[PDB]
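Take a look at this one chain, the form deposited in one PDB entry, written out in structure tokens.
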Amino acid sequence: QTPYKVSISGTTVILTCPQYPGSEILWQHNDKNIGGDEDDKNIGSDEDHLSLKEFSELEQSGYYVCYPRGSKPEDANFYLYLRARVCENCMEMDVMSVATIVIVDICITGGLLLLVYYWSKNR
């Protein structure tokens, strides 16, 4: 297969339909057309992107398809099913990276103290 790409940065979700390089790609959400029709300033479309600004968890979550222009939606054979939680200024740490920030802080402090100690013995 070739999967979808889901990018989440802030309160913005950006999907990418990977299938068709040389088409016009149209999208659909819960059997309703979406994108490419200029209502909802928050929802736009690109070469093969779909940008969903100020995303909501409760509404706006379910099935998504992409299909080239001139076809029916009822011949699609690959869907998406996503749920997402977003809020403004919310990054996604791990347990490993916090430990590396602690260790780097301690080692930089130890290096500075050794340098000042021998500069003060050489005076």
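Counting begins at 1, following the sequence as shown. Only residues modelled in both forms are compared. Under this definition, the rigid core comprises the largest set of C-alpha atoms superposing within 1.5 Å between the forms.
We do not show the form deposited in another entry, though everything after this point is about it.
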Original post:
Among 31, 54, 47, 38, which is the residue that shifts its C-alpha 2 Å or more between the shown form and the other one, core superposed?
Top reply: 38
**OP:** Could you check whether the CA atom of residue 84 moves 2 Å or more between the shown form and the other one, using the rigid core for the fit?
**Re:** no
Original post:
Taking the rigid core as reference, does residue 100 move its C-alpha 2 Å or further between the shown form and the other one?
Top reply: yes
Subject >> Cα distance between residue 95 and residue 8, which in the other entry differs by 3 Å or more from this form, closer or farther >> reply: closer
Original post:
Once you compare with this form, do the C-alpha atoms of residue 39 and residue 29 lie closer or farther in the other entry, given a change of 3 Å or more?
Top reply: farther
Original post:
Okay, core lined up, where does the chain shift between the shown form and the other one, counting runs of 3 or more residues with each Cα at least 2 Å away?
Top reply: 38 to 40, 86 to 112
